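Chain residues, written in single-letter form:
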Amino acid sequence: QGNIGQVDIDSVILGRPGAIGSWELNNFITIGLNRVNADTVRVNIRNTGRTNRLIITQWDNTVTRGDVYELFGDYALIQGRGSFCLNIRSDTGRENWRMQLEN
């Protein structure tokens, strides 16, 4: 920082600064995303269970290979309340951003 289980996060990644969303990814983990400025999306975590991992990807459909992704990053999710930030520009040409838990 600084498919079953995947959710579309374009509402925040491709939104103007100010954009906010919140997802319950399983019974233990809630992830809020908030584009706090033009350069940055804050990930807000509440995890009431064991350590898990968040995996952020960006998808495209191709003519030859079907759906393919690029890995943006992946991040430990310890128990408790915390956050970290992603450097992703508000005006990116990339779409179909997704997040999912590892486990």
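Residues numbered from 1 in each chain as written, not as in the entry; some residues may be left out. Heavy atoms only, no water. Residues with missing side-chain atoms left out of burial classes, pairs and counts.

What the deposited record gives as its method is X-ray crystallography, and the resolution it gives is 1.65 Å.

## Concerning the side chain of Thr62
Mapped onto the elements of the fold, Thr62 is located in the loop between β5 (52–61) and β6 (67–77). Of the polar contacts made by the side chain of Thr62, one reaches the backbone nitrogen of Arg65; its length is 2.9 Å. Among the polar contacts made by the side chain of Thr62, one reaches the main-chain carbonyl oxygen of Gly66 at a distance of 2.8 Å. (Helix = DSSP H or I, 4+ residues; strand = E, 2+ residues; numbered from the N terminus. Polar contact = N/O pair within 3.5 Å; in protein donor to acceptor, adjacent residues only side chain to side chain.)

## Let's talk about the nonpolar core
Core analysis: the largest hydrophobic core is formed by 22 residues, its most contacted members being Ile9, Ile31, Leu33, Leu54 and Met99. Those elements that provide at least two residues to this core are α1 (10–13), β3 (29–37), β4 (40–47), β5, β6, β7 (80–87) and β8 (97–101). The contacts of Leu33, once residues within four sequence positions are left out, are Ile9, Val12, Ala19, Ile20, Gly21, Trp23, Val41, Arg42, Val43 and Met99. (Core = buried A, V, L, I, M, F, W, Y, C linked by side-chain atoms within 4.5 Å. Buried < 20%, exposed > 50% of the residue type's maximum accessible area, 1.4 Å probe, protein only. Contact = heavy atoms within 4.5 Å.)

## Quick notes on the pattern of salt bridges
The full count for this structure, using the stated rule, is five salt bridges. The partner of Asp39 in a salt bridge is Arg89, and the shortest N-O contact between them spans 2.9 Å. Here the residue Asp39 occupies a position in the loop between β3 and β4, and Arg89 occupies one in the loop between β7 and β8, the gap between them amounting to 50 residues. Look at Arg89 and you get partly exposed, because its relative accessible area is 38%. If you follow the salt bridges from partner to partner, you end up with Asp39, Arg89 and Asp91 in one network. (Salt bridge = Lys/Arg side-chain N within 4 Å of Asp/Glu carboxyl O.)

## Topic: the sheet that holds β8
With antiparallel pairing, four strands are arranged side by side in an open sheet as β1-β8-β5-β6. Among the strands making up the open sheet, the edge pair consists of β1 (7–8) and β6. Sheet analysis places β5 next to β6, joined by ten bridges and oriented antiparallel. Directly across from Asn52, in β6, lies its bridge partner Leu77. (Pairing = 2+ DSSP bridges.)

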